[PDB]
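This is target-v7.txt (compact mmCIF, N, CA and C atoms).
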```
# COMPACT_ATOMS: atom_id res chain seq x y z
N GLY A 1 0.81 -1.21 0.00
CA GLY A 1 0.00 0.00 0.00
C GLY A 1 0.84 1.26 0.00
N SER A 2 0.20 2.40 0.23
CA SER A 2 0.90 3.68 0.25
C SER A 2 -0.04 4.80 0.71
N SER A 3 0.55 5.87 1.24
CA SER A 3 -0.23 7.00 1.72
C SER A 3 -1.27 7.43 0.69
N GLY A 4 -0.82 7.59 -0.55
CA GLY A 4 -1.72 7.99 -1.62
C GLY A 4 -0.99 8.59 -2.80
N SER A 5 -0.08 7.82 -3.39
CA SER A 5 0.70 8.28 -4.53
C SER A 5 0.03 7.87 -5.84
N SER A 6 0.21 8.69 -6.87
CA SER A 6 -0.37 8.42 -8.18
C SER A 6 0.71 8.29 -9.24
N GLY A 7 0.70 7.17 -9.96
CA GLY A 7 1.68 6.94 -11.00
C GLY A 7 1.09 6.27 -12.23
N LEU A 8 1.90 6.11 -13.26
CA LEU A 8 1.45 5.48 -14.50
C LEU A 8 2.32 4.28 -14.85
N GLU A 9 1.92 3.54 -15.88
CA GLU A 9 2.66 2.37 -16.32
C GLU A 9 2.43 2.10 -17.80
N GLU A 10 3.52 1.85 -18.53
CA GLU A 10 3.43 1.58 -19.96
C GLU A 10 2.77 0.23 -20.22
N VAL A 11 3.23 -0.79 -19.50
CA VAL A 11 2.68 -2.14 -19.65
C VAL A 11 1.23 -2.19 -19.18
N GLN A 12 0.39 -2.86 -19.97
CA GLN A 12 -1.02 -2.99 -19.63
C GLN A 12 -1.42 -4.46 -19.53
N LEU A 13 -1.12 -5.07 -18.39
CA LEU A 13 -1.45 -6.48 -18.17
C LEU A 13 -2.95 -6.71 -18.30
N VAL A 14 -3.31 -7.71 -19.10
CA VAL A 14 -4.72 -8.04 -19.32
C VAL A 14 -5.02 -9.46 -18.86
N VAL A 15 -5.85 -9.58 -17.83
CA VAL A 15 -6.22 -10.89 -17.30
C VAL A 15 -7.66 -11.24 -17.66
N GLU A 16 -7.97 -12.53 -17.64
CA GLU A 16 -9.31 -13.00 -17.97
C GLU A 16 -9.79 -14.04 -16.96
N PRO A 17 -10.91 -13.74 -16.28
CA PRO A 17 -11.65 -12.49 -16.49
C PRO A 17 -10.88 -11.28 -15.97
N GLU A 18 -11.31 -10.09 -16.38
CA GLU A 18 -10.67 -8.85 -15.95
C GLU A 18 -10.61 -8.77 -14.43
N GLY A 19 -11.75 -9.01 -13.78
CA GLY A 19 -11.80 -8.96 -12.34
C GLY A 19 -10.61 -9.64 -11.68
N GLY A 20 -10.16 -10.74 -12.28
CA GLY A 20 -9.03 -11.46 -11.73
C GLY A 20 -9.44 -12.56 -10.78
N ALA A 21 -10.57 -13.20 -11.07
CA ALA A 21 -11.08 -14.28 -10.24
C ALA A 21 -11.82 -15.32 -11.07
N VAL A 22 -11.86 -16.55 -10.58
CA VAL A 22 -12.54 -17.64 -11.28
C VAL A 22 -12.92 -18.75 -10.31
N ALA A 23 -13.89 -19.57 -10.72
CA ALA A 23 -14.35 -20.68 -9.89
C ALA A 23 -13.24 -21.70 -9.67
N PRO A 24 -13.41 -22.55 -8.65
CA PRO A 24 -12.43 -23.58 -8.31
C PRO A 24 -12.38 -24.69 -9.35
N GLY A 25 -11.62 -24.46 -10.42
CA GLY A 25 -11.50 -25.46 -11.47
C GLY A 25 -11.70 -24.87 -12.85
N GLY A 26 -11.43 -23.57 -12.98
CA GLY A 26 -11.59 -22.91 -14.26
C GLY A 26 -10.27 -22.71 -14.98
N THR A 27 -10.23 -21.72 -15.88
CA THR A 27 -9.03 -21.43 -16.64
C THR A 27 -8.86 -19.93 -16.85
N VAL A 28 -7.69 -19.41 -16.49
CA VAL A 28 -7.41 -17.98 -16.65
C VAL A 28 -6.34 -17.75 -17.70
N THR A 29 -6.38 -16.58 -18.33
CA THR A 29 -5.41 -16.22 -19.36
C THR A 29 -4.73 -14.90 -19.05
N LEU A 30 -3.41 -14.94 -18.88
CA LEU A 30 -2.65 -13.73 -18.58
C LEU A 30 -1.97 -13.19 -19.84
N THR A 31 -2.59 -12.18 -20.44
CA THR A 31 -2.04 -11.57 -21.65
C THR A 31 -1.31 -10.27 -21.33
N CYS A 32 -0.03 -10.22 -21.67
CA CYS A 32 0.78 -9.04 -21.41
C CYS A 32 1.47 -8.57 -22.69
N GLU A 33 0.78 -8.71 -23.82
CA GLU A 33 1.32 -8.30 -25.11
C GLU A 33 1.31 -6.78 -25.24
N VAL A 34 2.46 -6.16 -24.97
CA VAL A 34 2.59 -4.71 -25.07
C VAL A 34 2.19 -4.21 -26.45
N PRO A 35 1.45 -3.09 -26.49
CA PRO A 35 1.00 -2.49 -27.74
C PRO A 35 2.14 -1.87 -28.54
N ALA A 36 3.02 -1.15 -27.85
CA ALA A 36 4.16 -0.51 -28.50
C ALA A 36 5.18 -1.55 -28.96
N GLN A 37 5.37 -2.59 -28.15
CA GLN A 37 6.31 -3.64 -28.48
C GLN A 37 5.59 -4.88 -29.02
N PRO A 38 6.01 -5.34 -30.20
CA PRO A 38 5.42 -6.51 -30.85
C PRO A 38 5.75 -7.81 -30.12
N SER A 39 7.04 -8.02 -29.86
CA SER A 39 7.49 -9.22 -29.17
C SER A 39 8.51 -8.87 -28.09
N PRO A 40 8.07 -8.10 -27.09
CA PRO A 40 8.93 -7.69 -25.98
C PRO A 40 9.29 -8.85 -25.05
N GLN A 41 10.01 -8.54 -23.98
CA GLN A 41 10.42 -9.56 -23.02
C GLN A 41 9.35 -9.77 -21.95
N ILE A 42 8.51 -10.77 -22.15
CA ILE A 42 7.45 -11.07 -21.20
C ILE A 42 7.94 -12.00 -20.10
N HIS A 43 7.52 -11.73 -18.87
CA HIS A 43 7.92 -12.54 -17.73
C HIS A 43 6.72 -12.85 -16.84
N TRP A 44 6.90 -13.79 -15.92
CA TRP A 44 5.83 -14.19 -15.01
C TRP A 44 6.38 -14.46 -13.61
N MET A 45 5.84 -13.75 -12.62
CA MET A 45 6.27 -13.92 -11.24
C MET A 45 5.08 -14.21 -10.33
N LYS A 46 5.29 -15.09 -9.36
CA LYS A 46 4.24 -15.46 -8.42
C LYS A 46 4.71 -15.29 -6.98
N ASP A 47 4.31 -14.18 -6.36
CA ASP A 47 4.69 -13.90 -4.98
C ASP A 47 6.15 -13.46 -4.89
N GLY A 48 6.62 -12.77 -5.93
CA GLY A 48 7.99 -12.31 -5.95
C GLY A 48 8.97 -13.42 -6.27
N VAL A 49 8.50 -14.43 -7.00
CA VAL A 49 9.35 -15.56 -7.37
C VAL A 49 9.07 -16.01 -8.80
N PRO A 50 10.14 -16.24 -9.57
CA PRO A 50 10.04 -16.68 -10.96
C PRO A 50 9.52 -18.11 -11.08
N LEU A 51 8.37 -18.27 -11.73
CA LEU A 51 7.77 -19.58 -11.91
C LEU A 51 8.45 -20.34 -13.04
N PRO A 52 8.58 -21.66 -12.87
CA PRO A 52 9.21 -22.53 -13.87
C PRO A 52 8.37 -22.68 -15.13
N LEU A 53 8.43 -21.67 -16.00
CA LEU A 53 7.67 -21.69 -17.25
C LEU A 53 8.31 -20.78 -18.29
N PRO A 54 8.11 -21.10 -19.57
CA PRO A 54 8.65 -20.32 -20.69
C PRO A 54 7.98 -18.96 -20.83
N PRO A 55 8.79 -17.92 -21.08
CA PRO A 55 8.29 -16.55 -21.24
C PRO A 55 7.49 -16.38 -22.53
N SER A 56 6.23 -16.00 -22.39
CA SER A 56 5.36 -15.80 -23.54
C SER A 56 4.30 -14.73 -23.25
N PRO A 57 3.83 -14.06 -24.31
CA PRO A 57 2.81 -13.01 -24.19
C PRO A 57 1.45 -13.57 -23.81
N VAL A 58 1.38 -14.88 -23.60
CA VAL A 58 0.13 -15.54 -23.23
C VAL A 58 0.39 -16.70 -22.28
N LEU A 59 -0.14 -16.59 -21.06
CA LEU A 59 0.03 -17.63 -20.06
C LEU A 59 -1.32 -18.07 -19.49
N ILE A 60 -1.77 -19.26 -19.88
CA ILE A 60 -3.04 -19.79 -19.41
C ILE A 60 -2.84 -20.70 -18.21
N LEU A 61 -3.74 -20.59 -17.23
CA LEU A 61 -3.66 -21.41 -16.03
C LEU A 61 -4.94 -22.22 -15.84
N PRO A 62 -5.10 -23.28 -16.64
CA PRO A 62 -6.28 -24.15 -16.58
C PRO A 62 -6.31 -24.99 -15.30
N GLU A 63 -7.51 -25.36 -14.87
CA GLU A 63 -7.68 -26.17 -13.67
C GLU A 63 -7.20 -25.40 -12.44
N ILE A 64 -7.72 -24.20 -12.25
CA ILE A 64 -7.34 -23.36 -11.12
C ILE A 64 -8.06 -23.82 -9.85
N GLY A 65 -7.40 -23.62 -8.71
CA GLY A 65 -7.99 -24.01 -7.44
C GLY A 65 -7.50 -23.16 -6.28
N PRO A 66 -7.49 -23.75 -5.08
CA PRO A 66 -7.04 -23.05 -3.87
C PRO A 66 -5.54 -22.80 -3.86
N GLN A 67 -4.78 -23.77 -4.38
CA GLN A 67 -3.33 -23.65 -4.43
C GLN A 67 -2.90 -22.64 -5.50
N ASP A 68 -3.74 -22.48 -6.52
CA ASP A 68 -3.46 -21.55 -7.60
C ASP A 68 -3.56 -20.10 -7.12
N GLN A 69 -4.47 -19.86 -6.18
CA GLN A 69 -4.67 -18.53 -5.63
C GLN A 69 -3.34 -17.85 -5.34
N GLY A 70 -3.25 -16.56 -5.64
CA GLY A 70 -2.02 -15.82 -5.40
C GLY A 70 -2.01 -14.48 -6.10
N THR A 71 -0.82 -14.03 -6.49
CA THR A 71 -0.67 -12.75 -7.17
C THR A 71 0.37 -12.83 -8.28
N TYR A 72 -0.08 -12.68 -9.52
CA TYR A 72 0.81 -12.74 -10.67
C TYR A 72 1.13 -11.34 -11.18
N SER A 73 2.15 -11.25 -12.04
CA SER A 73 2.56 -9.97 -12.61
C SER A 73 3.53 -10.17 -13.76
N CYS A 74 3.35 -9.40 -14.83
CA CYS A 74 4.22 -9.50 -16.00
C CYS A 74 5.22 -8.34 -16.03
N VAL A 75 6.48 -8.67 -16.27
CA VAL A 75 7.54 -7.67 -16.33
C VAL A 75 8.12 -7.56 -17.73
N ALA A 76 8.20 -6.33 -18.24
CA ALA A 76 8.74 -6.09 -19.57
C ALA A 76 10.15 -5.51 -19.50
N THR A 77 11.08 -6.14 -20.21
CA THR A 77 12.47 -5.68 -20.23
C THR A 77 13.08 -5.83 -21.61
N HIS A 78 13.25 -4.70 -22.30
CA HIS A 78 13.82 -4.71 -23.64
C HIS A 78 14.49 -3.37 -23.95
N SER A 79 15.25 -3.33 -25.04
CA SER A 79 15.95 -2.11 -25.44
C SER A 79 15.10 -0.88 -25.15
N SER A 80 15.76 0.25 -24.94
CA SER A 80 15.07 1.50 -24.65
C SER A 80 13.95 1.28 -23.63
N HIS A 81 14.27 0.56 -22.56
CA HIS A 81 13.30 0.27 -21.51
C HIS A 81 13.99 -0.30 -20.28
N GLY A 82 13.24 -0.40 -19.18
CA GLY A 82 13.80 -0.94 -17.95
C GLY A 82 12.89 -1.97 -17.31
N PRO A 83 13.23 -2.37 -16.08
CA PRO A 83 12.45 -3.36 -15.32
C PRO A 83 11.09 -2.82 -14.88
N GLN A 84 10.13 -2.83 -15.80
CA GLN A 84 8.79 -2.34 -15.51
C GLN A 84 7.85 -3.50 -15.19
N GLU A 85 7.36 -3.54 -13.95
CA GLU A 85 6.45 -4.59 -13.52
C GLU A 85 5.00 -4.12 -13.59
N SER A 86 4.21 -4.79 -14.41
CA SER A 86 2.80 -4.44 -14.57
C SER A 86 2.03 -4.70 -13.28
N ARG A 87 0.88 -4.04 -13.14
CA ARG A 87 0.05 -4.20 -11.96
C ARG A 87 -0.02 -5.67 -11.53
N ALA A 88 -0.10 -5.89 -10.23
CA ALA A 88 -0.17 -7.25 -9.69
C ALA A 88 -1.61 -7.77 -9.70
N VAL A 89 -1.81 -8.92 -10.33
CA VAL A 89 -3.13 -9.53 -10.42
C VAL A 89 -3.30 -10.62 -9.37
N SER A 90 -4.21 -10.40 -8.43
CA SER A 90 -4.47 -11.37 -7.37
C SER A 90 -5.58 -12.34 -7.78
N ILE A 91 -5.17 -13.54 -8.19
CA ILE A 91 -6.13 -14.56 -8.61
C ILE A 91 -6.73 -15.27 -7.40
N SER A 92 -8.05 -15.17 -7.26
CA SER A 92 -8.74 -15.81 -6.15
C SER A 92 -9.94 -16.61 -6.65
N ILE A 93 -10.50 -17.44 -5.77
CA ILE A 93 -11.65 -18.26 -6.12
C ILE A 93 -12.96 -17.55 -5.78
N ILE A 94 -13.91 -17.60 -6.70
CA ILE A 94 -15.21 -16.97 -6.49
C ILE A 94 -16.22 -17.96 -5.92
N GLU A 95 -17.09 -17.47 -5.04
CA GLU A 95 -18.11 -18.31 -4.42
C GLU A 95 -19.49 -18.00 -4.99
N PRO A 96 -19.82 -18.65 -6.12
CA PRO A 96 -21.11 -18.46 -6.79
C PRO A 96 -22.27 -19.04 -5.99
```
Output the file's structure as C-alpha cells, nothing else.
Amino acid sequence: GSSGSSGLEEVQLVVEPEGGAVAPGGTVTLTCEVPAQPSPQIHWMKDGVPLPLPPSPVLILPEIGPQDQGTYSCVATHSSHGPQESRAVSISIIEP
C-alpha cells in the first residue's frame, strides 16, 4: 500500500476475467502483449518468485484451485526500456 501516490505504467497487463477471479477449477489467461512492443520480453512472477515456465505473451492457467490462488505480474524488459512490472493480479476463487 501507500499514503496515496499516483503513477502510470506503460505495460497494460490483461487478465481473464478482468476482475481477476474464477471458480475452483476454471481457466485464466494472462495476456501481457505490449501495444508498443510486438514481441517484448514477457515474464511471469508469483509472490515475488520466478515460476518454472517459458516466457510468452500468453500464459493460461487451466484447472485453477485453492493452491493456484495468489498474485501474478508481468515484467517487460527490452531495449530503450527498464524493469517495468505491470500491476499485480491477485487470482482468487469466487463463491457463486
Sorted by chain and rising residue number, list the residues of range 33-76 of chain A at most 12 Å from range 1-9 of chain A (counting only C-alpha atoms), each with its closest atom pair and distance in Å to one decimal, as a Markdown table.
```
| residue | atom | partner | partner_atom | distance |
| --- | --- | --- | --- | --- |
| A:34 | CA | A:9 | CA | 11.3 |
| A:74 | CA | A:9 | CA | 12.0 |
| A:75 | CA | A:9 | CA | 11.2 |
| A:76 | CA | A:9 | CA | 10.9 |
```
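Every protein or nucleic acid residue with an atom no more than 7 Å from residue 91 in chain A, counting only N, CA and C atoms and leaving out same-chain residues fewer than 5 positions away, appears here: residues 20, 21, 22, 68, 69, 70, 71 and 72 of chain A.
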- Message: Report, in Å with one decimal, the straight-line distance from CA of residue 13 in chain A to CA of residue 30 in chain A.
- Response: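 One can read the CA of residue 13 in chain A to CA of residue 30 in chain A distance as 7.4 Å.
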- Separation of CA of residue 77 in chain A from atom N of residue 53 in chain A in Å: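 Computed distance, atom N of residue 53 in chain A to CA of residue 77 in chain A, equals 17.0 Å.
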- Item | Pairwise distance for atom C of residue 62 in chain A and atom N of residue 23 in chain A, rounded to one decimal in Å |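 Separating atom C of residue 62 in chain A from atom N of residue 23 in chain A is a distance of 10.4 Å.
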- Item | Minimum-distance residue to residue 92 in chain A, chosen among A:27, A:80, A:56, A:41 (using only C-alpha atoms) | A:27
- Message: Please identify the strand (DSSP E or B) residues within range 35-83 of chain A (assignment by DSSP from backbone atoms) and present them as an NGL selection string.
- Response: :A and (45-46 or 50 or 58-62 or 70-73 or 75-76)
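The shortest atom-to-atom distance to residue 60 in chain A, with only C-alpha atoms taken into account, belongs to A:28 out of A:88, A:42, A:15, A:28.
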- A:24, A:82, A:96, A:48 ranked by distance to residue 63 in chain A, top pick (using only C-alpha atoms): A:24
- Message: Under the rule that all atoms listed in the file are counted, which of A:67, A:73, A:12, A:90 is the nearest residue to residue 44 in chain A?
- Response: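 Ranked by minimum distance to residue 44 in chain A, first place goes to A:73.
For the residues A:79, A:66, A:31, A:61, ranking by smallest atom-to-atom distance to residue 93 in chain A using only C-alpha atoms places A:66 first.
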- Task: Compile the contact shell of residue 36 in chain A as a count of residues only: residues with an atom at most 10 Å away, counting only C-alpha atoms, same-chain residues fewer than 4 positions apart removed.
- Result: 3
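Proximity of A:64, A:58, A:37, A:17 to residue 81 in chain A, computed with only C-alpha atoms, is greatest for A:37.
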